[PDB]
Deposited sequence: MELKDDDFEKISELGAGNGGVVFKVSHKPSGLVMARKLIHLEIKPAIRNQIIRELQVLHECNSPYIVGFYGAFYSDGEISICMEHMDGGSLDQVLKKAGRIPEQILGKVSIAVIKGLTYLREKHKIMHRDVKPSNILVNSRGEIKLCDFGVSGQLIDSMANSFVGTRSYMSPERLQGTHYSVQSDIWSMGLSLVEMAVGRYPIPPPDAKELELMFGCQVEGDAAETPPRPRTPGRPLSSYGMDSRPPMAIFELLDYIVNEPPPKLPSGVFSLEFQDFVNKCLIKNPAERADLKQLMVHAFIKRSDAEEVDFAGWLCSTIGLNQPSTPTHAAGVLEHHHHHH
């Protein structure tokens, strides 16, 4: 059935980035609890139907690695995208309370992301455009899912400004021009993994004294680092050699040299992670206390 503004009821606020706030809501007619993202866009009515219209392909975005879509509509200056509520939140949140995420777990995470990106590529011909820990969502059934991918050309445009937060996951080629594409998602994924593995955003990399503890930076400074200095890497010793190479292949500067989804899929790390018997569901609650 169609989703309409007054059919919803606010339960709590799930958080905010810039551009959007997201609420936990009850769809009164179905009883379903969902997550409603609201984007305040001061834009003409012609284009705002094109956005709604371009968001409808999300109805055909069915994968266990992609957040579910319920519907999209316009009301009171804001676009509403209504999604499956992920009760585990985003990996940036679980990182905060975890402190650090084990290699084992990041194994299962890496698989979801690669498979998610692959689904979007093959079935829908789109790149993500914003892979970072807060666009990777988890739940109590142990699912790991992507959202906030760039389905709508016109939405991408109307929101065009981006991310100055003292931290950026954009690939060097994306930071330097328009000559970029899907390979860029691999860079972002690689950098997210190193962050989650290490406990902190990994630039500048931990100086010798700072990696001891294992039991800010200005805008131009940070960007210059990304584009001009050698990429981040896992510390040796405490992570497996296969994981180290895996992230190493993700964080190669030259996007044509960088590994692509085809190659990461059949990587030793993924093959080793896929076999492993990991109770993610159990670990997720043990750390964030959902039960």
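Mapping the modelled residues onto the deposited sequence reveals missing stretches at 216-246, 323-341.
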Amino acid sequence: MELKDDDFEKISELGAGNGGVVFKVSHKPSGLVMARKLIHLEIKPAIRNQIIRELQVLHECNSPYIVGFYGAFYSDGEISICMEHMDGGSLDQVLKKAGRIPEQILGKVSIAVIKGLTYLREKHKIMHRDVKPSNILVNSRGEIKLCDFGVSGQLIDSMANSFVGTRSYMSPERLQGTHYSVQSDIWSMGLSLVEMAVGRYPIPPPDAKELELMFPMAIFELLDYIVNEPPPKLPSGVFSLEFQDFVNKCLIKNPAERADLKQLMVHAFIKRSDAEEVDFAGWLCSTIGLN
From here on, numbers count along this sequence of modelled residues.
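C-alpha atoms forming the largest set that superposes within 1.5 Å between two forms make up the rigid core.
Remark: when the other structures in 5 other deposited structures of this protein are fitted onto this one via the rigid core, 57-65 deviates more than the alternative among 57-65 and 235-243, judged by RMS CA distance. Farther from the shown form on average, by C-alpha root mean square after a core fit in 5 other deposited structures of this protein, is 145-153, of the stretches 86-94 and 145-153. Here the stretch with the larger average CA B-factor, out of 159-167 and 174-182, is 159-167. Relative to one another, 22-30 and 36-44 have unequal mean CA B-factors, and 36-44 is the one with the higher figure. Within the selection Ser134, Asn139, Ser75, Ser110, the deposited Cα B-factor values reach their highest point at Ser75. When the C-alpha B factors of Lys145, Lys209, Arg121, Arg129 are read from the deposited coordinates, the top value falls at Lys209. The entry lists a Cα temperature factor for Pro255 that places it in the lowest third of the chain's modelled residues. Sorting the modelled residues of the chain by their CA temperature factor places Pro216 in the highest third. In the deposited entry, the Cα temperature factor of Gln104 places it in the highest third of its chain's modelled residues.
Remark: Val238 belongs to the highest third of its chain, ranked by C-alpha B-factor as recorded.
In the PDB entry, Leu95 places in the middle third of its chain by CA B-factor.
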